[PDB]
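**Student:** Residue numbers (UniProt numbering), protein chains in the order written: chain A, 2384 to 2465, 2471 to 3005; chain B, 3316 to 3573, 3579 to 3626; chain C, 139 to 494.
C-beta atoms are modelled at their ideal positions from N, C-alpha and C, and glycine is treated no differently.
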Amino acid sequence: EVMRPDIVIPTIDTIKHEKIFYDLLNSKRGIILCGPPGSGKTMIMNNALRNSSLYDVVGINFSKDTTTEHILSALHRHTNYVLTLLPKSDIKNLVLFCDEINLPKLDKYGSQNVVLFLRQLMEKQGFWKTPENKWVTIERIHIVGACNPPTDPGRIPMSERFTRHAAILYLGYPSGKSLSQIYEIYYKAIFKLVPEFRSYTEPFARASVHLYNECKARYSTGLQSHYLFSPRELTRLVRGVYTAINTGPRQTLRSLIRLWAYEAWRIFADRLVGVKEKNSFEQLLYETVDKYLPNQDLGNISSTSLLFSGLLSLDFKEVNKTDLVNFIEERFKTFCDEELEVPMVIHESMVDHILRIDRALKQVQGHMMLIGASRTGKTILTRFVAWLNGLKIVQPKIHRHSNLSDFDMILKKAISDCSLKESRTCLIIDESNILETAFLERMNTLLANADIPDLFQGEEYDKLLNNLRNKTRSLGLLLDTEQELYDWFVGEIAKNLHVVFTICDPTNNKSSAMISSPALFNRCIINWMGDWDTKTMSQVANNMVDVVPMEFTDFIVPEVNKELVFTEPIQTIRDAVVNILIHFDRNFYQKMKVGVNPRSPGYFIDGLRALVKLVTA
Amino acid sequence: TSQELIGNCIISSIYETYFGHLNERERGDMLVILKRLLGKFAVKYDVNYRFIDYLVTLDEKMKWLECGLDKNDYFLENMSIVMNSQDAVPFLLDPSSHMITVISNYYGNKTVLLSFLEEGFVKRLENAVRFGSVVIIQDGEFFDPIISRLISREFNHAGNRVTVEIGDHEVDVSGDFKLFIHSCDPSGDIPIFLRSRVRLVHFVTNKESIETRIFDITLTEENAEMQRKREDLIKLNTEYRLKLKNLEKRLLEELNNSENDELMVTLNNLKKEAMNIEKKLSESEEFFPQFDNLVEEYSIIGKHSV
Amino acid sequence: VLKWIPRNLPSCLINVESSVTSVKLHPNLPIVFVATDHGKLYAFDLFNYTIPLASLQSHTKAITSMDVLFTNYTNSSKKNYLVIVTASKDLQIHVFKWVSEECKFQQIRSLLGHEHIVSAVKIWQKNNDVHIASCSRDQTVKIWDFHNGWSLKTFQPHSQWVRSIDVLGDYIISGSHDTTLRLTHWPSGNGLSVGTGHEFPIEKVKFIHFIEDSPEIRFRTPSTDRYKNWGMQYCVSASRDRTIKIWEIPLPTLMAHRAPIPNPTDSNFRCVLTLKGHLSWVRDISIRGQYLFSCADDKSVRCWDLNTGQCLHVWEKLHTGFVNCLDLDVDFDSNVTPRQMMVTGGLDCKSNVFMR
Ligand SMILES: Nc1ncnc2c1ncn2[C@@H]1O[C@H](COP(=O)(O)OP(=O)(O)O)[C@@H](O)[C@H]1O
Ligand SMILES: Nc1ncnc2c1ncn2[C@@H]1O[C@H](COP(=O)(O)OP(=O)(O)O)[C@@H](O)[C@H]1O
Ligand SMILES: [Mg+2]
């Protein structure tokens, strides 16, 4: 049950908030919940109302482009007209959800509309109908809210005229003891699978909470704009450990610690940008394991020493590096034979990244974002891993003279292929594929919700429902109401559609807004391709130059400093060529004042190809 | 000269990719640090290396000069850095747009002008790649991503014929097809996807090029006979080396065997040609210090000009 | 004698310069033909495996599949020879004639007409008429006759490219890359039924033929008089989803002296049995007696059972890399002697044979 997202662990804070929230709802007062993006305001909110026998839930998600038509449609599905508006339930008072109230945008003259409509509904106790010009009386409908503080770049400050009538609450981050208890319950539930290690529930909960605490304390938002850690990351770590254990072999303590370290590597440190930051994370992992688990026989737990794959067997188990590299090379040769041919070279970093992308893609509702310089092998890797898992590539061919219309058609066709035809698709989106912010808002609607209701309206909605009924009857399921068909359709979309984003230059304003979006940053897994480190470039050069003979001159070994040689210690002339090329590339990028901008290594590959051609001639 | 080639290949290959979008001063500085770095790692290079004299032969140099390219060495090595790209699509960036005529002269009637702002662009483009005609594109600052497969050369070898996917349909390509991109905006924003896959070559004119052109005008007007003598001696040295090689080929073909007057005459001609080579080299040895003195004497004019 | 199982170790070893793609058996004398990736065609003897009997270059590109048939012509003028047809990636297939006296190859004819690479070839004989079938990446299952050398029927069974075919009577089954199968009527070209249920492209498909006498087989014996008169009972398929599935053939709207028509209510396959346990893609299958043998990309070959439905024997680490092809002798035809050997080939430029 840890896979399903409607569960809580009752600690003191959540029951206290539920009690005060019942008091505030029963006091005929509007409620506004304001807190950090990871405090689980929506989680505790749905826990409070869903278990209640006195109130009901209606689902509205605000966007930048949102009008009162959505609110009217949502209330029409649960209320009735007698001029007085009353809910369908005669005992439970309807409670109207409104998350991300800061997200609707100001008009041309510095004001918002939906917040004023909500204010008129909650303090004038009604509104005026637009086409019939009639007053509306509302008796037992309450309003709730969940919005972030306006300090983050993208939240619009709200007028005091609306916050006047609604109570305000702050949901702080749960403390160490509460998180420890919650994740103790999580790990007891997750270790019911392997009873041989039931006694290790407490040290793992302590280790996860402590490691999250230090990873939050060290890497702040000053260094990077995407270091927004939250307990959501710990919950996703729990989900990853479950999806690894449930599909794994017979389990030992050493392999348990290695699995937990691999999950921590692939969920906390995949977004780190600096080599020294990664070394600090490695030292933190060492000291955490040493402090809370006095266990020996634990080997290297770096990124290149923890390789867990499902491709090499029927289960999620650790695999040898050499066998993995050979299997990847042969499968990739077959891929180039069957698909587009590209002279890609195999190295350890690309194996690590292809396995982490494979781990991301196998998850249900799994989406990830790739941040790295151009010509670093991102879209080709995504297509390769999608071909490995039997996915379907739907690459949106968007040209300059494009608009929202063709993008809407390609999204609609992808959704129809995913749902009606029952074919899994791995949608790829490049940085240049988002022209205006409207496509970004469409992506927000697609990912924050399970679908885009705007793409299906009127006759499109009717034919979509008819096709859904035809598919349901073809499968042989007794579904007749529109709610069940719609929920099954969005379940199929959430289960059989994965979006993977390709971002080239994160320092751009469009990229900054794209990675600053709240409905996109939290759900996706952030992966930093970055630029190649020296070892990867050395491996690529050694694998690319050896095809042509270099040894025809007597060479003397030059005595130089250890830090000046990036290849393994030099004994031939090929290593001299590798060192000279890497040194020139580093000096050139340093003397062009690129700054902290990612350094695209395509110059290096082009130089190597020109080198081998010219030396052959 | 063979314990030296691998240093001379790496300085030339690295000249092709990294030095596309740098001007004279940065090129000089980076070439100096490359030579020092090669010296640090003990790989022998040519102390008298010149990129044009290493890759641009006199025939192709004259063929490029007659097409319309200016006589400046920077434009010569940039024409070399463009035309020697067999794998990566090159990018041409000249505000003057002067070398569309040059590439039209080089490719003759095969040069077909296209522009990203055209509406029938895609149809004539797929036609041109079908017949394999050389294609010239204008207004690259408004790059259309529909040619993403052509830019990265993501073809597939379907059978014995190579194939690319343009637009929404399969099209065929031919081996004689080459593509060029010309732009007129030096500060025009370019997508990083296009920039990282092309050879960004800057055909611009800075203050350093002002100094170089002032020095060129001073040499070609103040003492023009000595520069003419340099050009004449370079041409005759190349011709004499070619004639010496032809005479040696004649001597080796005169082995016969299924001495005679023809073989002795060939040997005497080879002797005369080798003596001419030695005399030309001895005369040219005391001619480059005149260039050194002229460079050291015509630098204040460049400094004042800049 | 039909229940022979190869032992735990290979009988002999064979070295090739390049990776092995197809290994067949001479149905009368102990000669093994080994394919390559560089297009070279080899010829090895089981008792003398150090030096090849013959080596020949007939294709510019890689060869993918092979087939070997021994003719049974009723006239004494047309002697019984060996025909070897190799399909390659050079848009062309080549047909060889083996000679016993000189022990050397001889190209007879080459069949053209494919728009892309050809992946499989099968050879069969109904009544004194040799036909050659092949399927290619252009989705065209083409049929040739040996004497005329001309195409007889070109058709598409699947939108995506077909990979492997098998022939039996006037009915051809064909795997494809769209994770589905479809039987076709050989003379007319009408698709009798379409199979679905795999989650990955199909690698190899062959028919399951009948047997004369056996104690109890639940997957080769006829079921009803209709199937007894038809002459086919089950078909087996293998696909890259790490499984092997044996399928029934649905009934058509069959009529006497007329082309069969598909059944609108019974034109869909039914998955009968599935086998799991292979660590990677299953690459090739071969059926003999009551034992189903299949290779995979897990450096291993497995021996399954038709009746009980599990692996009796496993052979881990048979090669350094992927295991590419297996082949046996035909047991359902009385002309071919079902003698006891097994031959396998790997991607690590090695081949192995199983004797006794
Ligand atoms: N008291 C708690 N008990 C169980 N899980 C919690 C608790 N507090 C936070 N979480 C976890 O934190 C995550 C917060 O996610 P979410 O509800 O989307 O945050 P927000 O509501 O701020 O958008 C949830 O996935 C939830 O599992
Ligand atoms: N070792 C390598 N790793 C990654 N990319 C490489 C390598 N060698 C060459 N390339 C080039 O990178 C290109 C693929 O990168 P791609 O994923 O398309 O980058 P982007 O995601 O920025 O578009 C290929 O065309 C190939 O020529
Ligand atoms: Mg939130």
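#1: Under a three-way DSSP split, which group does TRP3379 (chain B) fall into?
#2: Report all residues for which the CB-ligand distance to some heavy atom of ligand 5 is below 6 Å; order them along the chain.
#3: Under 8 Å, Cβ to Cβ, is there at least one residue of chain B near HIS296 (chain C)?
#4: Going by the beta-carbon positions, is the gap between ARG2549 (chain A) and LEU2482 (chain A) smaller than 8 Å?
#5: Any beta carbon of chain B sitting closer than 8 Å to that of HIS451 (chain C)?
#6: Within the 8 Å Cβ cut-off, does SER2690 (chain A) reach chain C?
#7: Can you give me the Cβ contacts of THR198 (chain C) inside the same chain, cut-off strictly under 6 Å, excluding the 5 residues immediately before and after it?
#8: Closer than 9 Å between beta carbons: that is the criterion. Which residues of the stretch 2675 to 2702 of chain A meet it against chain C?
#9: Tell me which residue opens and which closes the alpha helix (DSSP H) that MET3398 (chain B) is part of.
#10: Quick one, are the C-beta atoms of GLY3423 (chain B) and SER3489 (chain B) less than 8 Å apart?
#11: Using a Cβ-Cβ distance cut-off of 8 Å, determine whether residue 2467 (chain A) contacts chain C.
#12: Any C-beta of chain A within less than 9 Å: which residues of the stretch 287 to 317 of chain C qualify?
#13: Give the interface partners of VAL3358 (chain B) over in chain A, defined as CB-CB distance under 7 Å, in chain order.
#14: Can you list the alpha helix (DSSP H) stretches of 4 or more residues lying completely in the stretch 2925 to 2996 of chain A, in chain order?
#15: Mapping DSSP to helix, strand and coil, what is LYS2709 (chain A)?
#16: Does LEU417 (chain C) get closer than 8 Å to chain A when you measure Cβ to Cβ?
#17: Is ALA200 (chain C) near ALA192 (chain C), with beta carbons less than 8 Å apart?
#18: Just the C-alpha distance for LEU2599 (chain A) and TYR2991 (chain A), rounded to the nearest angstrom, thanks.
#19: Going by Cα to Cα distance, which pick from B:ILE3415, B:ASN3475, B:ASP3491, B:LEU3337 is closest to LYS2979 (chain A)?
#20: Within the continuous alpha helix (DSSP H) that includes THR3332 (chain B), where are the two ends?
#21: Looking only at C-alpha atoms, which of A:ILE2645, A:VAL2440, A:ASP2439 sits nearest to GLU2706 (chain A)?
#22: Identify the contact partners of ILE2961 (chain A) in chain B, using a Cβ-Cβ distance below 9 Å as the criterion.
#23: Would you tell me roughly how many angstroms separate the C-alpha atoms of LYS455 (chain C) and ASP486 (chain C), rounded to the nearest one?
#24: Closest by CA to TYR429 (chain C), which one among C:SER352, C:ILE340, C:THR322?
#25: Can you name, in chain order, every residue of its own chain whose Cβ lies under 8 Å from the Cβ of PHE492 (chain C), other than the five neighbours on each side?
#26: What I want to know is whether the C-beta of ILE2689 (chain A) ends up closer than 7 Å to one or more non-hydrogen atoms of ligand 1.
#27: According to DSSP, simplified to helix, strand and coil, what is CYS2486 (chain A)?
#28: Near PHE2505 (chain A), which residues of its chain fall below 6 Å by C-beta distance, leaving aside the five closest residues on each side in sequence?
#29: Between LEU229 (chain C) and chain B, is there a C-beta pair that is closer than 8 Å?
#30: Assuming residue 114 (chain C) contacts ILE246 (chain C) under a Cβ cut-off of 8 Å, what Cβ separation, rounded to an integer in Å, is found between them?
#31: How many Å lie between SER326 (chain C) and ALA397 (chain C) at the Cα?
#32: With a threshold of 8 Å between beta-carbons, can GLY3490 (chain B) be considered close to chain C, or not?
#33: Whole angstroms are fine: how far does the CA of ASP2963 (chain A) sit from the CA of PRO339 (chain C)?
#34: Out of B:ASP3500, B:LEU3349, B:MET3595, point me to the one whose CA is closest to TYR3555 (chain B)'s CA.
#35: Looking at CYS2486 (chain A) and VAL2532 (chain A), is the spacing between their C-beta atoms short of 8 Å?
#36: Residues in the stretch 338 to 351 of chain C with C-beta within 8 Å of chain A's C-beta atoms, listed in sequence order?
**Tutor:** Put simply:
#1: helix
#2: This structure simply doesn't include ligand 5; it includes ligand 1, ligand 2 and ligand 3 instead.
#3: no
#4: no
#5: no
#6: no
#7: If we look at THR198 (chain C) and ignore the five residues flanking it on each side, its Cβ neighbours are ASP228.
#8: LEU2699, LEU2700, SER2701, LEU2702
#9: 3388 to 3398
#10: no
#11: For residue 2467 (chain A), no position is available: the coordinates of chain A end at 2465 and pick up again at 2471.
#12: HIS315, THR317
#13: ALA2964, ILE2968
#14: 2961 to 2979
#15: helix
#16: Among the residues facing chain A, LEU417 (chain C) is included, as its CB has a counterpart in that chain under 8 Å away.
#17: no
#18: When rounded, the distance between both Cα atoms is 39 Å.
#19: B:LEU3337
#20: 3320 to 3332
#21: A:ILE2645
#22: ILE3321, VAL3358
#23: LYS455 (chain C) and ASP486 (chain C): Cα-Cα distance of roughly 12 Å.
#24: C:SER352
#25: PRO144, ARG145, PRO148, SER149, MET479, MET480, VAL481, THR482
#26: no
#27: coil
#28: So the list reads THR2451, once near-sequence residues are dropped.
#29: It does; some Cβ of chain B falls within 8 Å.
#30: Residue numbering for chain C in the displayed model covers 139 to 494; residue 114 (chain C) lies beyond these limits and cannot be assessed.
#31: Cα to Cα, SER326 (chain C) sits roughly 7 Å from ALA397 (chain C).
#32: no
#33: 43 Å
#34: Between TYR3555 (chain B) and the set B:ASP3500, B:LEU3349, B:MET3595, the nearest pair of CA atoms involves B:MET3595.
#35: yes
#36: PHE338
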